[PDB]
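The structure appears right after this line, and notes come after that.
Protein chains: 10
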Amino acid sequence: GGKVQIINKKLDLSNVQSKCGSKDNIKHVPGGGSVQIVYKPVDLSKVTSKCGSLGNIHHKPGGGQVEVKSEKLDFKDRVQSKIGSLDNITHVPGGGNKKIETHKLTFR
Amino acid sequence: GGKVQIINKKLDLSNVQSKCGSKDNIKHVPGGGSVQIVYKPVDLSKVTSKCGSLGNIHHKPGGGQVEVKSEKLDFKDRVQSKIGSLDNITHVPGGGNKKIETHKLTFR
Amino acid sequence: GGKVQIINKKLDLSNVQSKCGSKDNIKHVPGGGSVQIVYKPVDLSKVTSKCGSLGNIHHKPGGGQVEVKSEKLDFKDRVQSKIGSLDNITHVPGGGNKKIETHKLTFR
Amino acid sequence: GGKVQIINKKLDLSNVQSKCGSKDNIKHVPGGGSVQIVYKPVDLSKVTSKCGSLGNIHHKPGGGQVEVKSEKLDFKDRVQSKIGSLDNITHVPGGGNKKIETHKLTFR
Amino acid sequence: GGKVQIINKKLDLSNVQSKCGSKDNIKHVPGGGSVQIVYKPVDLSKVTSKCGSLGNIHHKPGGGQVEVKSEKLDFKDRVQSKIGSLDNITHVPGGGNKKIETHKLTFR
Amino acid sequence: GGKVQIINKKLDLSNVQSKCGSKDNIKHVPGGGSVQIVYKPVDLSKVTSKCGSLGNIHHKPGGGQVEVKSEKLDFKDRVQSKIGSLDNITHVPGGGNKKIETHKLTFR
Amino acid sequence: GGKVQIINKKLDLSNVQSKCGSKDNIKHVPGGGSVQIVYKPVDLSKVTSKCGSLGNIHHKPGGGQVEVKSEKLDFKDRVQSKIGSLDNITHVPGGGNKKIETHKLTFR
Amino acid sequence: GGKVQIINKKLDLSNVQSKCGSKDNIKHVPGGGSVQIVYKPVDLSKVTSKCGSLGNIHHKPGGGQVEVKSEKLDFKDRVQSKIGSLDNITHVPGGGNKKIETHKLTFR
Amino acid sequence: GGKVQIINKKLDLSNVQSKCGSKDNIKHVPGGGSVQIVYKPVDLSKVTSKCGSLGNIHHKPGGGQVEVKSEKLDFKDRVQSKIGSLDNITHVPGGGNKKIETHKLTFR
Amino acid sequence: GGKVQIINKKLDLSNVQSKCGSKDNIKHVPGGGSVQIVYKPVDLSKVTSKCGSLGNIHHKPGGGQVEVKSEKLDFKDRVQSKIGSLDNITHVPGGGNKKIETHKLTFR
C-alpha cells in the first residue's frame with residue numbers, strides 16, 4: 272500500500288549548461304632543444320547536465336534481491352627508468368653572440 | 272499494492288548543453304630539436320546531457336534476483352626504459368652568432 | 272500505507288550553469304633547453320548541473336535486499352628512476368655576449 | 272501511515288552558477304634551461320550547481336535492507352628517485368657579457 | 272501517523288553563485304636555470320551552489336536497515352629521493368658583466 | 272726602395288650595419304584645406320658600411336704625377352615669388368556648428 | 272728605404288652599428304587650414320660604419336706629386352618673396368559653436 | 272730608413288654603436304590654422320662607428336709632395352621677404368562658444 | 272733611422288656606445304592659430320665611436336712635403352624681412368564663452 | 272735614430288659610453304595663438320667615445336714638412352627685420368567668459 276506519487280504540472284526548465292576547459296598535453300611550443308614529457312595522464316572526469324530527469328525506478332516490495340556494481344580500476348606502476356635526460360647542450364637564441372663552447376670529457 | 276505513479280503535464284524543457292575542450296597531445300609545435308613524449312594518456316571521460324530522461328525500470332515484487340555489473344580496468348605497467356634522452360645538441364635559433372662549439376669525449 | 276506525495280505546480284527554473292577552467296600540461300612554451308616533465312596527472316573531477324532532477328526511486332516495503340556499490344581505485348607506484356636531469360648546458364638568450372664556456376671533466 | 276507530502280507551487284528559481292579557475296601544470300614558460308617537474312597532480316574536485324533538484328527516494332517501511340557504498344582510493348607511492356637535477360649550467364640572458372666560465376672537475 | 276508536510280508557495284530564489292580561483296602549478300615563468308618542482312598536489316575541493324534543492328528522502332517506519340558509506344582515501348608515501356638539486360651554475364641576467372667564473376673541484 | 276707589408280691572418284669580422292630613417296617629404300596628411308610646400312630638398316647623405324675593406328694602392332716611386340679630383344656643386348637661387356598663400360578660408364571640422372561666415376571685401 | 276709592416280693575427284671583430292632617425296619634412300598632419308613650408312632642407316650627413324677597414328696606400332718615395340681634392344659647394348640665395356601667408360581664416364574645430372564671423376574690409 | 276711596425280695578435284673587439292635621434296622638420300601636427308616654416312635646415316652631421324679600423328698609409332721618404340684637400344661651403348643668404356604672416360583669424364577649438372567676431376577694417 | 276714599434280697582444284674591447292637625442296624642429300603641435308619659424312638650423316655635430324681604431328701612418332723621413340687641409344664655411348646672412356607676424360586673432364579654445372570681439376581699424 | 276716602443280699585453284676595456292639629450296627646437300606645443308621663432312640654431316657639438324684607440328703616427332726624422340689644417344667658419348649676420356610681432360589678440364582659453372572686446376584704432 273506504499274503509494275508513491277510524483278505530480279508535475281506546468282513546469283518550465285531552461286538554460287542548464289555545464290562547460291569544461293581544454294585538456295592539452297604539449298601545445299603551442301615554439302621553443303626548441305627541450306625535453307618535454309607528459310607521463311601517464313589519466314582522466315576520469317565527468318561533465319554532465321541533468322534537467323528534469325530521473326534515476327532508476329526499482330519497485331521491489333518484499334524482494335530478496337542482491338545487486339553488485341563493482342568498478343575496479345587498476346593503475347599500478349613500477350618504474351626504474353631514466354626519464355627526461357638533457358646533457359651537453361648549447362642553446363643560443365640570442366643574437367650576435369660569439370665564441371660559445373660546451374665541453375664534456377669522461378674517463379672510465 | 273505498491274502503486275508508483277509519475278504524472279507529467281505541460282512540461283517545457285530546453286537549452287540543456289554540456290561542452291568539453293580539446294584534448295590534443297602534440298599540437299602547434301614550430302620548435303625543433305626537442306624530444307616531446309606523451310606516454311600512455313588514458314581518457315575515461317564522460318560528457319553527457321540528460322533532459323527529461325529516465326533510468327532503468329525494474330518491477331520485481333518478491334524476486335530473488337542477483338545482478339552483477341563488474342567493470343574491471345587493468346593498466347598495470349612495468350617500465351625499465353630510458354625515456355626522453357637528448358644529448359650533444361647545438362641549438363642556435365638566433366641570428367649572427369659565431370663560433371659555437373659543443374664537444375663530447377668519452378673513454379671506456 | 273506510506274503515501275509519499277511530491278506535487279510540483281507552475282515551477283520555472285532557469286540559468287543553472289557550472290563552468291571549469293582549462294587543464295593543460297605543457298602549453299605556451301617558447302623557452303628552450305629546458306626539461307619539463309608532468310608525471311602522472313590524475314583527474315577525477317566532476318562538473319555537473321542538476322535542474323529539477325531526481326535521483327533513484329526505490330520502493331521496497333519489507334525487502335531483504337542487499338546492494339553493494341564498490342569503486343576500488345588503485346594507483347600504487349614504485350619509482351626508482353632518475354627524473355628531470357639537466358647537465359652541461361650553456362644557455363645564452365642574450366645578445367652580444369662573448370667567450371662563454373662550460374667545461375665538465377670526469378675521471379673514474 | 273507515514274504520509275510524506277512535499278507541495279511546490281509557483282516557484283521561480285534562476286541564476287544558479289558555480290565557476291572554477293584553470294588548473295594548468297606548465298604554462299606560459301618563455302624561460303629556458305630550467306628543470307620544471309609536476310609530480311603526480313591528483314584532482315578529485317567537484318563543481319556542481321543544484322537548482323530545484325532532489326536526491327534519492329527510498330520508501331522502505333519495515334525493510335531489512337543492507338546497502339554498502341565503498342569508494343576505496345589508493346595512491347601509495349615508494350620513491351627512491353633523483354628528481355630535478357640541474358648541474359654545470361651557464362645561463363646568460365643578459366647582453367654584452369664577456370668571459371663567463373663554468374668549470375667542473377671530478378676524480379674518483 | 273508521522274505526517275511530514277512541506278509546503279512551498281510563491282517562492283522566488285535568484286543569484287546563487289559560488290566562484291573559485293585558478294589552481295596553476297608552474298605558470299608565467301620567464302626565468303631560466305631554475306629547478307621548479309611541484310610534488311604531489313592533491314585537490315579534494317568542492318565548489319557547489321544549492322538553490323531550492325533537497326537531499327535524500329528515506330521513509331523507513333520501523334525498518335532494520337543498515338547503510339554503510341565508506342570513503343577510504345590512501346596517500347601513504349615513502350620518499351628517499353634527492354629532490355631539487357642545483358649545482359655549478361653561473362647565472363648572469365645583467366648586462367656588461369665581465370670575467371665571471373664558477374669552479375668546482377672534487378677528489379675521492 | 273721601401274716595402275709596405277700588410278699581413279692578415281685568421282681574421283673574422285661580422286655584423287656591420289649602417290642605416291637611417293626615412294627621408295620623407297609629405298606623408299600621412301588626413302587634414303584638408305592646408306597649403307604645404309617642401310621647397311628644394313637637397314640630399315647628399317652617404318650611408319656606407321665598410322668591413323675588412325681597403326682603399327686605393329698608388330705605388331709611385333719618384334713620379335711627377337698631377338691628380339685633381341673636383342666636385343663643383345651649384346645651387347644658386349633667386350626667388351621673388353609668392354609661396355604658400357592661403358586666404359578667405361572657412362575650415363569647420365567640428366560638429367553641430369552654426370552660422371559661420373567669413374566675408375572678405377576689397378576695393379581699388 | 273723604410274718598411275711599413277702591419278701584422279694582424281687572430282682578430283675577431285663584431286657588432287658594429289651606426290644609425291640615425293628619420294629626416295622627415297612634413298608627416299602626420301591631421302590638422303587643416305594650416306600653411307606649412309619646409310624651405311631648402313640641405314642634408315650632407317655621413318652615417319658610416321667601418322670595422323677592420325683600412326685607408327689608401329701611397330708608397331711614394333722621392334716623388335714630386337701634386338694631389339688636389341676640392342669639394343666646392345654653392346648655396347647662395349636671394350629671396351624677396353612673401354612666404355607663408357594666411358589671411359581671413361575662420362577655423363572652428365569645436366562642436367556646437369554659433370554665430371562666428373570674420374569680416375575683413377579694405378579700400379584703396 | 273726607419274721602420275713602422277704594428278703587430279696585432281689575438282684581439283677581440285665587439286659591440287660598437289653610434290646613433291642619434293630623428294632630424295625631423297614638421298611632424299605630428301593635429302592643430303589647424305597655424306603657419307609653420309622650417310627655413311633652410313642645413314645638416315652636416317657625421318655619425319660614424321670605427322672599430323679596429325685604420326687610416327691612410329703614406330710611405331713617402333724624401334718626397335716633395337703637395338697635398339691640398341679643400342672643402343669650400345657657401346650658404347650666403349639675402350632676405351627681404353615677409354615670412355610667416357597670419358592675419359584676421361578666428362580660431363575656435365572650444366565647444367558651445369557664441370557670437371565670436373573678428374572685424375578688420377583699413378583704408379588708404 | 273728610428274723605429275716606431277706598436278705591439279698589441281691579447282686585447283679585448285667591448286661595449287662602446289655614442290648617441291644623442293633627436294634634433295627635431297617642429298613636432299607634436301596640437302595648438303592652432305600659432306606662427307612658428309625655425310630659421311636656419313645649422314648642424315655640424317659629430318657623434319663618433321672609436322674602439323681599438325688607429326689613425327694615419329705618415330712615414331716621411333727627410334721629405335719636404337706640404338699638406339694643406341682647409342674647411343671653409345660661409346653662412347653670411349642679411350635680413351630685412353618681417354618674420355613671424357600675427358595680427359587680429361581671436362583664439363577661443365575655451366567652452367561656453369560669449370560675445371568675443373576683436374575689432375581692428377586703421378586709416379591712411 | 273730613436274725608438275718609440277708601445278707594448279700592450281692582456282688589456283680588457285669595456286663599457287664606454289657618451290651621450291647627450293635631445294637638441295629640439297619647437298616640440299610639444301598645445302598652446303595656440305602664440306608666435307615662436309628659433310632663429311639660427313648653430314650646432315658644432317662633438318659627442319665621441321674612444322676606447323683603446325690611438326691617433327696618427329708621423330715618423331718624420333729630419334724632414335722639412337709644412338702641415339696646415341684650417342677650419343674657417345663664417346656666420347656674419349646683419350638684421351634690420353621685425354621678428355616676432357603679435358598684435359590685437361583676444362586669447363580666451365577659459366570657460367564661461369563674457370563680453371570680451373579688444374578694439375584697436377589708429378589714424379595717419
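Protein chains in written order, with the deposited numbering: chain I, 272 to 379; chain G, 272 to 379; chain A, 272 to 379; chain E, 272 to 379; chain C, 272 to 379; chain F, 272 to 379; chain D, 272 to 379; chain B, 272 to 379; chain H, 272 to 379; chain J, 272 to 379.
C-beta: ideal position from N, C-alpha, C; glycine also.
Legend entry - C322(E) (DSSP reduced to helix, strand or coil): Here the question's residue 322(E) lines up with position 51 in the fourth sequence. Here DSSP, grouped into helix, strand and coil, assigns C322(E) to strand.
Legend entry - Cutoff 7 Å: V275(G) Cβ touching any chain A Cβ: One-based indexing of the second sequence puts residue 275(G) at position 4. With 7 Å as the cut-off, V275(G) counts as an interface residue toward chain A.
Legend entry - Limits of the beta strand (DSSP E) - the one that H299(J) falls within: Reading the tenth sequence from its first residue, position 28 is the one you call residue 299(J). Careful: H299(J) lies outside any beta strand (DSSP E) and carries neither H nor E.
Legend entry - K290(B) classed as buried or exposed, judged by whether at least 16 other C-beta atoms fall within 10 angstroms: Along the eighth sequence, read from residue 1 onward, the residue named residue 290(B) stands at position 19. Around the Cβ of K290(B), a 10 Å sphere holds 16 or more other Cβ atoms; the residue is buried.
Inset, instruction - Determine, using beta-carbon pairs with one atom in the stretch 278 to 295 of chain D and one in the stretch 278 to 287 of chain F, whether at least three such pairs fall under 8 Å. - result: In short, these stretches touch, since the Cβ pair count reaches three.
Legend entry - Beta-carbon contacts of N359(G) that lie in its chain and below 7 Å, excluding the five residues immediately before and after: Numbered from its first residue, the second sequence carries residue 359(G) at position 88. Exclusion of the five residues before and after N359(G) leaves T373, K375 as the residues of its chain whose Cβ lies within less than 7 Å of its Cβ.
Legend entry - Outcome for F378(E) when other beta-carbon atoms lying within 10 angstroms are tallied against a minimum of 16: As a first step, residue 378(E) must be located in the fourth sequence, where it is residue number 107. Exposed: under 16 other Cβ atoms inside 10 Å.
Legend entry - Identity of the residues DSSP links to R349(I) by a beta bridge: Locating residue 349(I) in the first sequence gives position 78, counting from the first residue. According to DSSP, which records beta bridges pairwise, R349(I) is partnered with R349(G), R349(A).
Inset, instruction - Can you give me the start and stop residues for the beta strand (DSSP E) that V275(E) sits inside? - result: Indexing the fourth sequence from 1 puts residue 275(E) at position 4. First-last of the beta strand (DSSP E) with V275(E): 275 to 280.
Inset, instruction - Just the C-alpha distance for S305(G) and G365(G), rounded to the nearest angstrom, thanks. - result: By one-based count along the second sequence, residue 305(G) stands at place 34. By one-based count along the second sequence, residue 365(G) stands at place 94. Spanning the two alpha carbons is a distance of roughly 16 Å.
Inset, instruction - Using the DSSP secondary-structure output, state which residues sit across from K370(G) in a beta bridge. - result: Against the second sequence, residue 370(G) aligns to sequence position 99. Residue pairing by DSSP places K370(G) in no beta bridge whatsoever.
Legend entry - Segment contact, 8 Å Cβ cut-off, at least three pairs: the stretch 274 to 283 of chain J with the stretch 339 to 349 of chain B: At 8 Å Cβ cutoff, the stretches do not touch.
Inset, instruction - Would you tell me roughly how many angstroms separate the C-alpha atoms of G334(B) and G335(H), rounded to the nearest one? - result: Taking the eighth sequence and counting its residues from 1, one reaches residue 334(B) at position 63. Taking the ninth sequence and counting its residues from 1, one reaches residue 335(H) at position 64. Answer to the nearest angstrom: the Cα atoms are 6 Å apart.
Inset, instruction - Indicate whether at least one CB of chain I lies closer than 7 Å to the CB of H374(E). - result: Here residue 374(E) refers to the residue found at position 103 of the fourth sequence. With 7 Å as the cut-off, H374(E) does not count as an interface residue toward chain I.
Inset, instruction - Please confirm whether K294(E) and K311(C) have their CB atoms less than 7 Å apart. - result: Counting from one through the fourth sequence, the residue named residue 294(E) turns up at place 23. Counting from one through the fifth sequence, the residue named residue 311(C) turns up at place 40. Cβ distance not < 7 Å, so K294(E) and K311(C) don't count as in contact.
Inset, instruction - Pull up the CB-CB distance for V313(H) and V300(J), whole angstroms please, since I reckon it's below 8 Å. - result: Position 42 of the ninth sequence, counted from the first residue, corresponds to residue 313(H). Position 29 of the tenth sequence, counted from the first residue, corresponds to residue 300(J). In fact, because the Cβ distance is near 22 Å, the residues do not count as touching under 8 Å.
Inset, instruction - Give a yes or no on whether 7 Å exceeds the smallest Cβ distance from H329(J) to chain B. - result: As a working mapping, residue 329(J) is identified with position 58 in the tenth sequence. Chain B contact via Cβ: absent.
Inset, instruction - Report the three-state DSSP secondary structure of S341(D) (helix, strand or coil). - result: Along the seventh sequence, read from residue 1 onward, the residue named residue 341(D) stands at position 70. Strand, per DSSP.
Legend entry - Contact under 7 Å by Cβ, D345(E) with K321(A): Looking up residue 345(E) in the fourth sequence gives position 74. Looking up residue 321(A) in the third sequence gives position 50. Contact: no.
Inset, instruction - Mark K298(A) as exposed unless 16 or more other C-beta atoms lie within 10 angstroms of its C-beta, in which case mark it buried. - result: Taking the third sequence and counting its residues from 1, one reaches residue 298(A) at position 27. It is buried - the Cβ of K298(A) has at least 16 other Cβ atoms within 10 Å.
Legend entry - Whole-angstrom distance between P332(G) and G326(C), CA atom to CA atom: As a working note, residue 326(C) is residue 55 in the fifth sequence. As a working note, residue 332(G) is residue 61 in the second sequence. Cα to Cα, the separation comes out at about 27 Å.
Inset, instruction - Could you check if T319(G) is buried or exposed, using at least 16 other CB atoms within 10 Å of its CB as the buried criterion? - result: Within the second sequence, residue 319(G) is the residue found at index 48, counting from 1. By the 16-neighbour rule on beta-carbons within 10 angstroms, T319(G) is exposed.
Inset, instruction - Check the DSSP bridge columns for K317(C) and list the partner residues they point to. - result: Mapped onto the fifth sequence, residue 317(C) falls at position 46. BP columns for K317(C) point to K317(E).
Legend entry - Residues that DSSP places opposite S356(D) in a beta bridge: To locate residue 356(D), count along the seventh sequence from 1; it is residue 85. Paired residues: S356(F), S356(B).
Inset, instruction - Assign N286(A) to one of three DSSP states: helix, strand, or coil. - result: Your numbering for residue 286(A) matches position 15 in the third sequence. Coil, per DSSP.
Legend entry - Whole-angstrom distance between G302(G) and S324(H), CA atom to CA atom: By one-based count along the ninth sequence, residue 324(H) stands at place 53. By one-based count along the second sequence, residue 302(G) stands at place 31. For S324(H) and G302(G), the distance between alpha carbons rounds to 41 Å.
Inset, instruction - Measure the CB-CB distance between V309(I) and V275(A) and report whether it falls below 7 Å. - result: Taking the first sequence and counting its residues from 1, one reaches residue 309(I) at position 38. Taking the third sequence and counting its residues from 1, one reaches residue 275(A) at position 4. A distance of 7 Å or more separates the beta carbons of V309(I) and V275(A).
Legend entry - Helix, strand or coil at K311(A) according to DSSP, with G and I counted as helix: Here residue 311(A) corresponds to residue number 40 of the third sequence, with the count starting at 1. DSSP, reduced to helix, strand and coil, places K311(A) outside both helices and strands of the structure shown, so it counts as coil.
Legend entry - Buried/exposed call for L315(A), threshold 16 Cβ in 10 Å: Here residue 315(A) refers to the residue found at position 44 when the third sequence is read from its first residue. So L315(A) ends up on the buried side.
Legend entry - Rounded C-alpha distance that separates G273(I) from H329(A): Taking the first sequence and counting its residues from 1, one reaches residue 273(I) at position 2. Taking the third sequence and counting its residues from 1, one reaches residue 329(A) at position 58. Computed Cα separation, rounded: 11 Å.
Legend entry - Own chain partners of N296(F) with C-beta closer than 8 Å, once the 5 adjacent residues on each side are dropped: Residue 296(F) sits at position 25 when you count from the first residue of the sixth sequence. Answer for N296(F): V309, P312, listed in chain order.
Legend entry - Residues bridged to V306(J) [DSSP beta-bridge criterion]: Translated into positions along the tenth sequence, residue 306(J) becomes position 35. According to DSSP, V306(J) bridges with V306(H).
Inset, instruction - Could you check if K369(E) is buried or exposed, using at least 16 other CB atoms within 10 Å of its CB as the buried criterion? - result: In the fourth sequence, residue 369(E) corresponds to position 98, counting from 1. Around the C-beta of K369(E), 16 or more other C-beta atoms lie within 10 Å, and the residue is accordingly described as buried.
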